[PDB]
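Chemist: Next comes query.cif, mmCIF, C-alpha atoms and all ligand atoms:
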data_data
loop_
_atom_site.label_atom_id
_atom_site.label_comp_id
_atom_site.auth_asym_id
_atom_site.auth_seq_id
_atom_site.Cartn_x
_atom_site.Cartn_y
_atom_site.Cartn_z
CA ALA I 867 17.80 -21.92 -15.24
CA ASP I 868 17.80 -21.60 -11.40
CA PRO I 869 14.90 -19.14 -11.03
CA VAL I 870 14.99 -16.78 -8.04
CA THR I 871 12.05 -14.78 -6.62
CA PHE I 872 12.32 -11.27 -5.25
CA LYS I 873 9.08 -11.17 -3.24
CA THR I 874 9.24 -7.45 -2.43
CA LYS I 875 10.62 -4.46 -4.32
CA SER I 876 12.89 -3.68 -1.38
CA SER I 877 14.56 -7.11 -1.60
CA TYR I 878 17.84 -7.34 -3.54
CA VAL I 879 21.21 -9.13 -3.63
CA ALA I 880 24.76 -7.87 -4.02
CA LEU I 881 27.29 -9.79 -6.14
CA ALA I 882 30.98 -9.08 -6.85
CA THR I 883 31.66 -6.19 -9.27
CA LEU I 884 30.74 -6.74 -12.90
CA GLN I 885 33.82 -6.53 -15.10
CA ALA I 886 32.73 -4.90 -18.37
CA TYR I 887 35.80 -2.86 -19.15
CA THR I 888 36.38 -3.13 -22.92
CA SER I 889 33.19 -5.06 -23.76
CA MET I 890 30.00 -6.40 -22.14
CA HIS I 891 27.51 -9.21 -22.56
CA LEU I 892 24.59 -9.59 -20.15
CA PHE I 893 21.72 -12.02 -20.39
CA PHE I 894 18.81 -12.75 -18.05
CA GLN I 895 15.16 -13.76 -17.97
CA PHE I 896 12.49 -11.99 -15.93
CA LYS I 897 8.84 -12.34 -15.01
CA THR I 898 6.91 -9.64 -13.18
CA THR I 899 3.56 -7.92 -12.63
CA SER I 900 4.93 -4.47 -11.70
CA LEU I 901 5.39 -1.48 -14.01
CA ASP I 902 8.44 -0.02 -12.26
CA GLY I 903 11.56 -1.39 -10.55
CA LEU I 904 15.36 -1.37 -10.50
CA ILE I 905 16.66 -4.72 -11.82
CA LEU I 906 20.42 -4.02 -11.95
CA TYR I 907 22.88 -1.42 -10.70
CA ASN I 908 26.67 -1.17 -10.74
CA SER I 909 28.57 2.09 -10.36
CA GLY I 910 32.27 2.81 -10.84
CA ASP I 911 34.88 5.54 -10.91
CA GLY I 912 33.79 9.12 -11.39
CA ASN I 913 30.36 8.92 -12.99
CA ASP I 914 30.55 5.48 -14.66
CA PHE I 915 27.52 3.23 -14.09
CA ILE I 916 25.12 0.75 -15.67
CA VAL I 917 21.44 0.29 -14.79
CA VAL I 918 18.67 -2.00 -15.99
CA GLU I 919 15.14 -1.03 -14.94
CA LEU I 920 11.46 -1.36 -15.71
CA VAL I 921 9.71 1.96 -16.36
CA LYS I 922 5.96 1.84 -17.05
CA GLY I 923 6.40 -1.83 -18.04
CA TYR I 924 9.28 -1.14 -20.46
CA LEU I 925 12.88 -2.24 -20.13
CA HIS I 926 15.33 0.64 -19.94
CA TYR I 927 19.12 0.31 -20.15
CA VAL I 928 20.79 3.39 -18.68
CA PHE I 929 24.57 3.88 -18.62
CA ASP I 930 27.48 6.32 -18.45
CA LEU I 931 30.80 5.29 -20.02
CA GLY I 932 32.48 8.38 -18.56
CA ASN I 933 31.24 11.08 -20.98
CA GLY I 934 27.56 11.41 -20.00
CA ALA I 935 24.43 9.43 -19.11
CA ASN I 936 22.61 7.67 -21.94
CA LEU I 937 19.37 5.75 -22.27
CA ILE I 938 18.42 2.86 -24.53
CA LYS I 939 14.76 1.84 -24.58
CA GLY I 940 14.26 -1.85 -25.23
CA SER I 941 11.77 -2.39 -28.03
CA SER I 942 8.49 -4.10 -27.25
CA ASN I 943 4.96 -3.89 -28.68
CA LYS I 944 3.52 -4.41 -25.17
CA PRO I 945 4.52 -3.56 -21.62
CA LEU I 946 6.48 -6.51 -20.23
CA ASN I 947 4.82 -6.81 -16.79
CA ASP I 948 2.37 -9.41 -18.09
CA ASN I 949 3.34 -12.30 -15.75
CA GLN I 950 5.20 -13.98 -18.65
CA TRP I 951 8.92 -14.83 -19.00
CA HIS I 952 11.01 -12.40 -21.06
CA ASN I 953 14.55 -12.79 -22.42
CA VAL I 954 16.86 -9.77 -22.06
CA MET I 955 20.20 -9.46 -23.89
CA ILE I 956 22.47 -6.42 -23.41
CA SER I 957 25.86 -6.18 -25.13
CA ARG I 958 28.53 -3.56 -25.77
CA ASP I 959 31.37 -4.22 -28.24
CA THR I 960 34.91 -2.71 -28.10
CA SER I 961 33.96 0.25 -30.34
CA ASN I 962 31.02 1.07 -28.00
CA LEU I 963 28.10 -0.23 -30.05
CA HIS I 964 25.34 -1.26 -27.62
CA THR I 965 22.71 -3.88 -28.49
CA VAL I 966 19.51 -4.53 -26.53
CA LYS I 967 17.52 -7.63 -27.38
CA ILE I 968 14.11 -8.06 -25.75
CA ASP I 969 12.75 -11.40 -26.87
CA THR I 970 12.93 -11.04 -30.68
CA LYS I 971 13.21 -7.24 -31.00
CA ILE I 972 16.64 -5.62 -31.43
CA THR I 973 17.65 -2.04 -30.59
CA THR I 974 21.14 -0.65 -31.31
CA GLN I 975 22.96 2.55 -30.32
CA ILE I 976 26.59 3.73 -30.46
CA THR I 977 28.19 6.12 -28.01
CA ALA I 978 30.66 8.58 -29.55
CA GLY I 979 33.68 9.87 -27.62
CA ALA I 980 33.55 7.22 -24.89
CA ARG I 981 36.44 5.00 -23.83
CA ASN I 982 35.96 2.18 -21.34
CA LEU I 983 33.45 1.30 -18.61
CA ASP I 984 35.15 1.29 -15.19
CA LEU I 985 32.81 -0.43 -12.70
CA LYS I 986 33.92 -0.63 -9.06
CA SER I 987 30.97 -1.14 -6.66
CA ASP I 988 29.25 -4.45 -5.99
CA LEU I 989 26.74 -5.55 -8.61
CA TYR I 990 23.22 -4.97 -7.19
CA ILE I 991 20.47 -7.24 -8.51
CA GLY I 992 16.76 -6.87 -7.65
CA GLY I 993 17.28 -3.42 -6.16
CA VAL I 994 19.59 -1.45 -3.87
CA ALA I 995 19.64 -0.27 -0.24
CA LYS I 996 16.77 2.16 0.35
CA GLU I 997 19.13 5.10 1.01
CA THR I 998 20.95 4.45 -2.32
CA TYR I 999 17.89 5.49 -4.41
CA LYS I 1000 18.43 9.16 -3.49
CA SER I 1001 21.95 9.26 -4.97
CA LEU I 1002 21.13 7.39 -8.19
CA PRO I 1003 22.10 9.05 -11.49
CA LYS I 1004 19.53 11.66 -12.53
CA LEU I 1005 18.57 9.77 -15.69
CA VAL I 1006 17.52 6.72 -13.64
CA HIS I 1007 13.78 6.82 -12.85
CA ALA I 1008 13.61 4.01 -10.24
CA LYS I 1009 12.69 4.94 -6.68
CA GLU I 1010 12.04 1.28 -5.79
CA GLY I 1011 13.44 -2.18 -6.52
CA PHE I 1012 12.29 -5.04 -8.69
CA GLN I 1013 9.63 -7.54 -7.63
CA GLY I 1014 9.23 -10.82 -9.52
CA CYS I 1015 11.38 -13.69 -10.83
CA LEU I 1016 14.88 -13.58 -12.34
CA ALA I 1017 16.52 -16.59 -14.02
CA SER I 1018 19.50 -17.64 -16.24
CA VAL I 1019 21.69 -14.65 -15.28
CA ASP I 1020 24.80 -14.61 -17.53
CA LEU I 1021 27.39 -11.91 -16.90
CA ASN I 1022 29.56 -12.99 -19.88
CA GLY I 1023 30.87 -16.49 -19.05
CA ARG I 1024 30.00 -15.80 -15.43
CA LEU I 1025 26.86 -17.63 -14.28
CA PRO I 1026 26.30 -16.70 -10.65
CA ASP I 1027 23.79 -18.30 -8.32
CA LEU I 1028 21.99 -15.16 -7.12
CA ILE I 1029 21.70 -16.66 -3.62
CA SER I 1030 24.91 -18.74 -3.15
CA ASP I 1031 27.29 -16.28 -4.87
CA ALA I 1032 25.69 -13.24 -3.16
CA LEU I 1033 27.93 -11.26 -0.81
CA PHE I 1034 24.76 -9.90 0.83
CA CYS I 1035 21.03 -10.64 0.63
CA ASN I 1036 18.27 -8.27 1.70
CA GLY I 1037 14.62 -9.05 2.38
CA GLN I 1038 12.31 -11.77 1.13
CA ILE I 1039 14.11 -13.93 -1.45
CA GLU I 1040 13.46 -17.58 -2.38
CA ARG I 1041 14.61 -20.23 -4.84
CA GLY I 1042 12.12 -21.11 -7.55
CA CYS I 1043 9.59 -18.80 -9.14
CA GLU I 1044 6.87 -18.08 -6.59
CA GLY I 1045 4.49 -16.27 -8.94
CA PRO I 1046 0.99 -15.18 -7.94
CA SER I 1047 -1.11 -18.20 -6.94
CA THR I 1048 -4.34 -16.16 -6.97
CA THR I 1049 -4.72 -14.80 -10.51
CA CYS I 1050 -7.32 -12.53 -12.18
CA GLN I 1051 -10.50 -14.43 -13.15
CA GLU I 1052 -13.61 -13.01 -14.88
CA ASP I 1053 -15.50 -12.68 -11.56
CA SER I 1054 -12.50 -11.68 -9.38
CA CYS I 1055 -13.90 -8.13 -9.01
CA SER I 1056 -17.62 -7.44 -8.49
CA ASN I 1057 -19.82 -5.04 -10.44
CA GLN I 1058 -17.73 -5.02 -13.66
CA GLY I 1059 -14.58 -3.89 -11.78
CA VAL I 1060 -11.28 -4.28 -13.65
CA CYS I 1061 -8.92 -6.85 -12.09
CA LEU I 1062 -5.26 -5.72 -11.96
CA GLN I 1063 -2.77 -8.57 -11.41
CA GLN I 1064 -0.27 -8.08 -8.58
CA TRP I 1065 2.62 -10.28 -7.44
CA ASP I 1066 0.91 -11.68 -4.31
CA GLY I 1067 -2.72 -11.43 -5.49
CA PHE I 1068 -4.83 -8.83 -7.28
CA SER I 1069 -6.41 -5.42 -6.82
CA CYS I 1070 -9.53 -3.95 -8.44
CA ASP I 1071 -10.10 -0.75 -10.40
CA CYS I 1072 -13.56 0.39 -9.24
CA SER I 1073 -13.56 3.69 -11.26
CA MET I 1074 -16.47 2.79 -13.54
CA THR I 1075 -18.54 0.80 -11.00
CA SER I 1076 -19.91 3.50 -8.61
CA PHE I 1077 -18.73 1.17 -5.82
CA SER I 1078 -15.67 1.08 -3.53
CA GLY I 1079 -13.57 -1.29 -1.41
CA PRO I 1080 -10.96 -3.89 -2.48
CA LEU I 1081 -13.47 -5.91 -4.55
CA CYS I 1082 -15.81 -3.10 -5.71
CA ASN I 1083 -18.47 -4.53 -3.37
CA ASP I 1084 -18.83 -1.65 -0.92
CA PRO I 1085 -21.14 1.37 -1.33
CA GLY I 1086 -19.54 4.46 -2.92
CA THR I 1087 -19.67 7.93 -1.33
CA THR I 1088 -23.36 8.87 -1.27
CA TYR I 1089 -25.28 12.13 -1.11
CA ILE I 1090 -29.06 12.50 -0.65
CA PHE I 1091 -31.08 15.21 -2.44
CA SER I 1092 -34.31 16.18 -0.69
CA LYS I 1093 -37.24 18.63 -0.64
CA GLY I 1094 -36.45 21.96 -2.33
CA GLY I 1095 -33.49 20.53 -4.23
CA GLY I 1096 -29.74 20.90 -3.86
CA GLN I 1097 -26.52 21.23 -5.83
CA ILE I 1098 -22.87 20.14 -5.64
CA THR I 1099 -20.54 22.08 -7.94
CA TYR I 1100 -16.95 21.34 -8.87
CA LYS I 1101 -15.14 24.27 -10.48
CA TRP I 1102 -11.76 23.64 -12.13
CA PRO I 1103 -8.97 26.12 -11.27
CA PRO I 1104 -9.26 28.50 -14.28
CA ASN I 1105 -5.82 27.43 -15.55
CA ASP I 1106 -6.42 23.66 -15.18
CA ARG I 1107 -9.60 23.56 -17.32
CA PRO I 1108 -9.20 20.31 -19.29
CA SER I 1109 -10.03 19.56 -22.92
CA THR I 1110 -10.59 15.90 -23.81
CA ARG I 1111 -11.05 13.65 -26.82
CA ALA I 1112 -12.49 10.85 -24.66
CA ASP I 1113 -14.73 10.90 -21.61
CA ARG I 1114 -15.62 8.30 -18.97
CA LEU I 1115 -18.53 8.77 -16.55
CA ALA I 1116 -20.09 6.48 -13.95
CA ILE I 1117 -22.58 7.09 -11.18
CA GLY I 1118 -25.03 5.13 -9.05
CA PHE I 1119 -28.49 6.52 -8.22
CA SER I 1120 -31.94 5.82 -6.74
CA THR I 1121 -35.05 7.96 -7.47
CA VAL I 1122 -38.79 7.87 -8.33
CA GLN I 1123 -38.80 10.98 -10.57
CA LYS I 1124 -39.54 10.62 -14.26
CA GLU I 1125 -37.71 13.87 -15.10
CA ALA I 1126 -34.43 15.17 -13.62
CA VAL I 1127 -30.86 16.22 -14.37
CA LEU I 1128 -28.22 14.33 -12.39
CA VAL I 1129 -24.91 15.59 -13.73
CA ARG I 1130 -23.96 18.37 -16.14
CA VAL I 1131 -20.45 19.18 -17.32
CA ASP I 1132 -20.22 22.65 -18.88
CA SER I 1133 -17.46 24.40 -20.81
CA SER I 1134 -16.68 28.00 -19.75
CA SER I 1135 -18.78 31.02 -20.89
CA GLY I 1136 -18.96 31.70 -24.63
CA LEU I 1137 -18.47 28.03 -25.44
CA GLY I 1138 -21.31 25.63 -26.29
CA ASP I 1139 -19.74 22.30 -25.26
CA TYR I 1140 -21.47 20.31 -22.53
CA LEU I 1141 -22.16 16.79 -21.23
CA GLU I 1142 -25.51 16.05 -19.52
CA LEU I 1143 -26.72 12.95 -17.70
CA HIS I 1144 -30.50 13.06 -17.21
CA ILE I 1145 -33.70 11.12 -16.68
CA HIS I 1146 -36.53 11.63 -19.18
CA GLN I 1147 -39.79 9.64 -18.97
CA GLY I 1148 -38.14 7.41 -16.34
CA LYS I 1149 -35.27 6.52 -18.72
CA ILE I 1150 -31.64 7.44 -18.20
CA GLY I 1151 -29.81 9.14 -21.04
CA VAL I 1152 -26.95 11.39 -22.02
CA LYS I 1153 -27.00 14.45 -24.22
CA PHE I 1154 -23.74 16.12 -25.18
CA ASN I 1155 -22.27 18.73 -27.54
CA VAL I 1156 -18.63 18.92 -28.70
CA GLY I 1157 -19.02 21.75 -31.22
CA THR I 1158 -21.69 21.07 -33.86
CA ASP I 1159 -24.99 19.18 -33.26
CA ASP I 1160 -26.32 17.80 -29.97
CA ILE I 1161 -25.76 14.04 -29.70
CA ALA I 1162 -28.28 12.03 -27.65
CA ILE I 1163 -27.94 8.47 -26.34
CA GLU I 1164 -30.59 6.73 -24.23
CA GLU I 1165 -31.38 3.43 -22.51
CA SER I 1166 -35.01 3.49 -23.69
CA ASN I 1167 -36.06 0.04 -22.41
CA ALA I 1168 -35.05 0.11 -18.72
CA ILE I 1169 -37.43 1.97 -16.42
CA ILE I 1170 -35.10 3.21 -13.69
CA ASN I 1171 -37.34 5.47 -11.56
CA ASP I 1172 -38.44 2.58 -9.28
CA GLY I 1173 -36.55 3.83 -6.21
CA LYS I 1174 -34.06 0.95 -6.62
CA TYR I 1175 -30.27 1.40 -6.94
CA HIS I 1176 -28.99 1.59 -10.51
CA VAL I 1177 -25.55 2.07 -12.06
CA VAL I 1178 -25.01 4.06 -15.25
CA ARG I 1179 -21.83 4.13 -17.33
CA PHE I 1180 -21.09 6.50 -20.14
CA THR I 1181 -18.10 6.65 -22.47
CA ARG I 1182 -17.40 9.19 -25.20
CA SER I 1183 -14.83 8.94 -27.96
CA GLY I 1184 -15.01 12.03 -30.15
CA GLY I 1185 -18.61 11.90 -31.41
CA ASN I 1186 -19.00 8.19 -30.62
CA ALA I 1187 -20.70 7.18 -27.36
CA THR I 1188 -21.72 4.18 -25.25
CA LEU I 1189 -24.25 3.91 -22.45
CA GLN I 1190 -25.03 1.05 -20.10
CA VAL I 1191 -27.49 0.75 -17.24
CA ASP I 1192 -26.74 -2.01 -14.72
CA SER I 1193 -26.07 -5.21 -16.74
CA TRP I 1194 -28.30 -4.39 -19.73
CA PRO I 1195 -26.76 -4.66 -23.22
CA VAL I 1196 -24.45 -1.73 -24.04
CA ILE I 1197 -26.01 1.03 -26.17
CA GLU I 1198 -23.72 2.34 -28.94
CA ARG I 1199 -24.16 5.60 -30.88
CA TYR I 1200 -22.23 6.70 -34.01
CA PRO I 1201 -23.37 10.27 -35.03
CA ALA I 1202 -25.76 11.38 -37.74
CA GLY I 1203 -24.40 14.64 -39.19
CA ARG I 1204 -20.79 15.88 -39.08
CA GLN I 1205 -18.91 16.12 -35.76
CA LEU I 1206 -15.82 17.43 -33.91
CA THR I 1207 -13.88 15.38 -31.28
CA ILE I 1208 -12.72 17.59 -28.40
CA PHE I 1209 -14.81 18.55 -25.37
CA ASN I 1210 -13.20 22.00 -24.98
CA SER I 1211 -12.33 23.88 -21.81
CA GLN I 1212 -14.40 22.04 -19.17
CA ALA I 1213 -15.23 24.54 -16.40
CA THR I 1214 -17.83 23.03 -14.01
CA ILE I 1215 -19.40 19.77 -12.86
CA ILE I 1216 -22.92 20.43 -11.58
CA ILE I 1217 -24.61 17.64 -9.65
CA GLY I 1218 -28.27 17.84 -8.60
CA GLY I 1219 -30.01 19.53 -11.56
CA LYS I 1220 -31.40 22.56 -9.69
CA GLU I 1221 -29.74 25.29 -11.83
CA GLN I 1222 -30.79 23.42 -15.00
CA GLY I 1223 -34.46 23.65 -13.92
CA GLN I 1224 -34.71 19.88 -13.37
CA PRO I 1225 -33.90 19.29 -9.67
CA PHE I 1226 -32.89 15.74 -8.69
CA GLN I 1227 -34.55 14.02 -5.74
CA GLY I 1228 -33.05 10.82 -4.33
CA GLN I 1229 -29.53 9.50 -3.74
CA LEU I 1230 -26.38 9.77 -5.87
CA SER I 1231 -23.31 7.54 -5.28
CA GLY I 1232 -19.73 6.99 -6.47
CA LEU I 1233 -19.64 9.58 -9.25
CA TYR I 1234 -16.52 9.22 -11.34
CA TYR I 1235 -15.56 11.55 -14.21
CA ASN I 1236 -12.22 11.49 -16.11
CA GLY I 1237 -10.15 10.56 -13.06
CA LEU I 1238 -12.19 12.60 -10.57
CA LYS I 1239 -14.14 10.87 -7.79
CA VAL I 1240 -16.30 13.97 -7.40
CA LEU I 1241 -18.49 12.90 -4.45
CA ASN I 1242 -15.41 11.65 -2.54
CA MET I 1243 -13.82 15.09 -3.04
CA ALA I 1244 -16.98 16.83 -1.78
CA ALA I 1245 -16.95 14.54 1.29
CA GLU I 1246 -13.28 15.42 1.94
CA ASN I 1247 -14.05 19.17 1.63
CA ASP I 1248 -11.98 19.84 -1.52
CA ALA I 1249 -11.48 23.60 -1.98
CA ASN I 1250 -12.98 23.57 -5.51
CA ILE I 1251 -16.28 22.07 -4.30
CA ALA I 1252 -19.39 24.13 -3.45
CA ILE I 1253 -22.49 22.51 -1.88
CA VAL I 1254 -25.82 24.39 -1.61
CA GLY I 1255 -29.48 23.63 -0.76
CA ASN I 1256 -31.00 20.45 0.60
CA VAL I 1257 -28.09 18.01 0.12
CA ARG I 1258 -26.47 15.84 2.76
CA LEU I 1259 -23.74 13.22 2.97
CA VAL I 1260 -24.97 9.75 3.86
CA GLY I 1261 -22.34 9.18 6.59
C1 LIG I 1301 -15.97 6.57 -34.19
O1 LIG I 1301 -16.40 5.35 -34.78
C2 LIG I 1301 -15.85 5.05 -36.06
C3 LIG I 1301 -16.49 3.77 -36.60
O2 LIG I 1301 -16.12 2.66 -35.80
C4 LIG I 1301 -14.33 4.95 -35.94
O3 LIG I 1301 -13.74 4.54 -37.16
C5 LIG I 1301 -13.81 6.31 -35.49
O4 LIG I 1301 -12.40 6.32 -35.37
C6 LIG I 1301 -14.44 6.68 -34.14
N1 LIG I 1301 -14.02 8.03 -33.78
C7 LIG I 1301 -13.46 8.33 -32.61
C8 LIG I 1301 -13.07 9.76 -32.40
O5 LIG I 1301 -13.26 7.49 -31.73
CA CA I 1302 -15.29 21.18 -28.97
#
The structure in this file should be written as structure tokens.
Ligand SMILES: *[C@@H]1O[C@H](CO)[C@@H](O)[C@H](O)[C@H]1NC(C)=O
Ligand SMILES: [Ca+2]
Modeler:
Amino acid sequence: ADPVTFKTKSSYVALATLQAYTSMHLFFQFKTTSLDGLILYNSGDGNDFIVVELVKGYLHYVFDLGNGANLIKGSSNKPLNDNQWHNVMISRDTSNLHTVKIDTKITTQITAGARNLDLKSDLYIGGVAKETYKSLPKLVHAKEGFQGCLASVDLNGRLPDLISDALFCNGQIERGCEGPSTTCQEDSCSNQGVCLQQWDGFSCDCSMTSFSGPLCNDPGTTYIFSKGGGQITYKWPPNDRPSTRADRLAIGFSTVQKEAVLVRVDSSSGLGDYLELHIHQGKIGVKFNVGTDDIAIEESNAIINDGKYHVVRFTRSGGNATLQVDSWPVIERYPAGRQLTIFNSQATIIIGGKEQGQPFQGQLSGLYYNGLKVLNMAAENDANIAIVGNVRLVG
């Protein structure tokens, strides 16, 4: 009923104070693509307040009845920012039993030692003034407003028109639900990029593509390795050495060599764990160790030392691994022999193969490893990057 669109997070409306003194019943429907946003705020005397907000895609109901801030997490199997309509029901009875109903799932919670809820400010819907965020209750996570569609707002036998009954409107607000008209299709992002739906369009996660730009169509950061060999080393701050159950690696390359090491991830001294991306007999492959036997996975059918650009993508889950060159079928490997799951205490990323006795010659582009765009960081002179030998940035 009467959908209204908040086109930006910063947009909100202010209605007359919600009266929820001895009991409360709120209902509304929402539709959004964003993970975070303040949907509803009303404060009162002393520390009294209510808040409804999305946090990481989940509906949170935060409140203070006068004896301390409390949080109820609405129950859902999925995050709710899926561009689908969701029903939200929030009630409080006279004994202070709260109920939160998100679609079909019910969550209940009682507050002991509380009396009544004394709300006094206007009721803010969609967000608040930008300078209000800094004096929000500590338990409230929102630093920005809600973006999306609200409909059927029921404040307990009070059915306001969010536009006509508003005492104040801020920013871009319309009647109707103006959802995204350009939605994520299979070919929205190039080069196997992951399409992420936004409110006014889409963006692309290019992490595993070796490419950059808004559509994963632009060349990634590139270095060239020439005569004599070179090396780019990333060393983790000794305290921030990660240990992982799952690894993700992507890089683009061009070369004519039939033997070389491109990337090696090593654990610190006295530990045997490592991850190695290499070319053997003109075929790209990965060898790794997470505590027992070496595990090898190879694309044995694609000859990749033709001097043409290629993309390689590697995933590890415990002992399990996948490898894919370009658009060839994905290679899967499930270990022979017994295995552990953690890649312990990762200390260095060595790019160029010189120290491993297999120097790389050619170009490397858009290296990504567990959140780290390593070649980008080298280009931006990160303090944990060391570059030696015959290596240069393709500017
Ligand atoms: C590896 O693969 C097996 C078989 O599909 C699966 O059951 C297991 O959970 C996987 N292990 C890890 C650590 O992902
Ligand atoms: Ca290990």
Chemist: Hey, which of I:948, I:1189, I:960, I:1034 ends up closest to residue I:1050? Count only C-alpha atoms.
Modeler: I:948
Chemist: Measuring between only C-alpha atoms and all ligand atoms, which one of I:985, I:1025, I:1137, I:906 shows the shortest distance to ligand CA 1302 (chain I)?
Modeler: I:1137
Chemist: Using only C-alpha atoms, which residue out of I:1143, I:1117, I:1178, I:946 lies closest to residue I:1193?
Modeler: I:1178
Chemist: Which residues are near ligand LIG 1301 (chain I) - at most 12 Å, using only C-alpha atoms and all ligand atoms? Format: as a short mmCIF file (atom, residue, chain, number, x, y, z; two decimals) with C-alpha atoms, in the coordinates of the input.
Modeler:
data_model
loop_
_atom_site.label_atom_id
_atom_site.label_comp_id
_atom_site.auth_asym_id
_atom_site.auth_seq_id
_atom_site.Cartn_x
_atom_site.Cartn_y
_atom_site.Cartn_z
CA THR I 1110 -10.59 15.90 -23.81
CA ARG I 1111 -11.05 13.65 -26.82
CA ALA I 1112 -12.49 10.85 -24.66
CA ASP I 1113 -14.73 10.90 -21.61
CA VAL I 1156 -18.63 18.92 -28.70
CA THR I 1181 -18.10 6.65 -22.47
CA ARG I 1182 -17.40 9.19 -25.20
CA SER I 1183 -14.83 8.94 -27.96
CA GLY I 1184 -15.01 12.03 -30.15
CA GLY I 1185 -18.61 11.90 -31.41
CA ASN I 1186 -19.00 8.19 -30.62
CA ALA I 1187 -20.70 7.18 -27.36
CA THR I 1188 -21.72 4.18 -25.25
CA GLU I 1198 -23.72 2.34 -28.94
CA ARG I 1199 -24.16 5.60 -30.88
CA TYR I 1200 -22.23 6.70 -34.01
CA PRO I 1201 -23.37 10.27 -35.03
CA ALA I 1202 -25.76 11.38 -37.74
CA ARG I 1204 -20.79 15.88 -39.08
CA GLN I 1205 -18.91 16.12 -35.76
CA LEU I 1206 -15.82 17.43 -33.91
CA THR I 1207 -13.88 15.38 -31.28
CA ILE I 1208 -12.72 17.59 -28.40
CA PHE I 1209 -14.81 18.55 -25.37
#
Chemist: Could you please determine the separation between atom CA of residue I:991 and atom CA of residue I:878 in Å, to one decimal place?
Modeler: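 Value for the atom CA of residue I:991-atom CA of residue I:878 distance: 5.6 Å.
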Chemist: Residues near stretch 1065-1080 of chain I, anyone? I mean within 9 Å using only C-alpha atoms, not counting same-chain ones fewer than 6 positions away, as a PyMOL selection string.
Modeler: chain I and resi 873-874+898-900+949+1013-1014+1044-1050+1054-1059+1086-1087+1114-1118+1177-1180+1231-1235+1237+1239
Chemist: As AutoDock Vina command-line options, what would the box around stretch 936-949 of chain I look like: edges along x, y and z, 4 Å added on every side, centre and edge lengths in Å to one decimal?
Modeler:
--center_x 12.5 --center_y -2.3 --center_z -22.2 --size_x 28.2 --size_y 28.0 --size_z 20.9
Chemist: Given the choices I:1216, I:1254, I:1133, I:1246, which gets closest to ligand CA 1302 (chain I) if the distance is worked out from all atoms listed in the file?
Modeler: I:1133
Chemist: Using only C-alpha atoms, find the one residue out of I:1251, I:1021, I:983, I:968 that sits nearest to residue I:1103.
Modeler: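 That would be I:1251, the residue with the smallest distance to residue I:1103.
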Chemist: What does the distance between atom CA of residue I:982 and atom CA of residue I:961 come to in Å, to one decimal place?
Modeler: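 Distance between the two atoms: 9.4 Å.
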Chemist: Using all atoms listed in the file, which residue out of I:1038, I:1123, I:1210, I:1064 lies closest to ligand CA 1302 (chain I)?
Modeler: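 Counting all atoms listed in the file, the residue closest to ligand CA 1302 (chain I) is I:1210.
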Chemist: Do you know which residues are at most 7 Å from residue I:1163 counting all atoms listed in the file, after dropping those on the same chain fewer than 2 positions away, and could you put them as number ranges by chain?
Modeler: I: 1151-1153, 1161, 1199
Chemist: By how many Å are atom CA of residue I:1096 and atom CA of residue I:1127 apart?
Modeler: 11.6 Å
Chemist: Counting only C-alpha atoms, write as a ChimeraX atom specification all protein and nucleic acid residues lying at most 12 Å from (-17.5, 20.5, 0.5) in the file's frame.
Modeler: /I:1089,1097-1101,1240-1254,1257-1259
